[PDB]
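Mapping the sequence shown onto the authors' numbering, position 41 (from 1) lands on 41, and the numbers just tick up by one.
Presented below is the structure to which this report refers.
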Amino acid sequence: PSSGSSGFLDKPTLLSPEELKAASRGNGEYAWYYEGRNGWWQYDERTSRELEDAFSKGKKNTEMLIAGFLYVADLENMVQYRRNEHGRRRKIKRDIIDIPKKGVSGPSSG
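Laid out in structure tokens, this is it:
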């Protein structure tokens, strides 16, 4: 014989996406935003991890290499210009994001 219909999905509770955003806003995480068309655009995740690591570490200007693209981000002026193409450059701004980081804790040995 045969059988099958489709199945189900169902979903647990986690309160509204706003009730969380309340804290998740700042309690979430951060992200770097680079000037774009509309206004600013958020990086991938790693590319920023450097903008923060550098900035935090104390680095003023951090050089990044994108998909076959030598780029240089300067926190001093809060911008980013092409390694070779100094002309091509955009502004950058650190904004707060809501990433599920804190939630998924991951401590390490000291």
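Even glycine gets a Cβ: it sits at the ideal position worked out from N, Cα and C.
### Query
Under a Cβ-count criterion, where at least 16 other Cβ atoms within 10 Å of its own Cβ denotes burial, should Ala67 be classed as buried or exposed?
Taking the first residue of the sequence shown as position 1, residue 67 is located at position 67. Exposed: under 16 other Cβ atoms inside 10 Å.
### Query
So, using beta-carbon positions, are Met78 and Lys91 closer together than 8 angstroms?
Here residue 78 refers to the residue found at position 78 when the sequence shown is read from its first residue. Here residue 91 refers to the residue found at position 91 when the sequence shown is read from its first residue. It is a contact, given that the beta carbons lie within the stated cut-off.
### Query
What are the boundary residues of the beta strand (DSSP E) that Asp95 is part of?
As a working note, residue 95 is residue 95 in the sequence shown. Note, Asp95: beta strand (DSSP E), 89-97.
### Task
From the DSSP output, in three-state form, read off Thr13 for me.
Residue mapping note: residue 13 aligns to position 13 of the sequence shown, counting from 1. The answer is coil: DSSP assigns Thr13 none of H, G, I, E or B.
### Message
Closer than 8 angstroms is the cut-off here; do at least three beta carbon pairs connect the segment 79-86 with the segment 6-26?
### Response
At 8 angstroms Cβ cutoff, the stretches do not touch.
### Query
Around the Cβ of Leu65, are there at least 16 other Cβ atoms within 10 angstroms (buried) or fewer (exposed)?
Mapped onto the sequence shown, residue 65 falls at position 65. So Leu65 ends up on the exposed side.
### Query
Under the DSSP definition of a beta bridge, which residues are partnered with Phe69?
For the purposes of this step, residue 69 is identified with residue 69 of the sequence shown, where counting begins at 1. For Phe69, DSSP records a beta bridge to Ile66.
### Query
For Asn77, which of helix, strand or coil comes out of DSSP?
Working through the sequence shown from its first residue, we reach residue 77 at position 77. Annotated three-state conformation of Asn77 is coil, per DSSP.
### Query
Would you call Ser48 buried or exposed, if buried means 16 or more other Cβ atoms sit within 10 Å of its Cβ?
Taking the sequence shown and counting its residues from 1, one reaches residue 48 at position 48. Buried.
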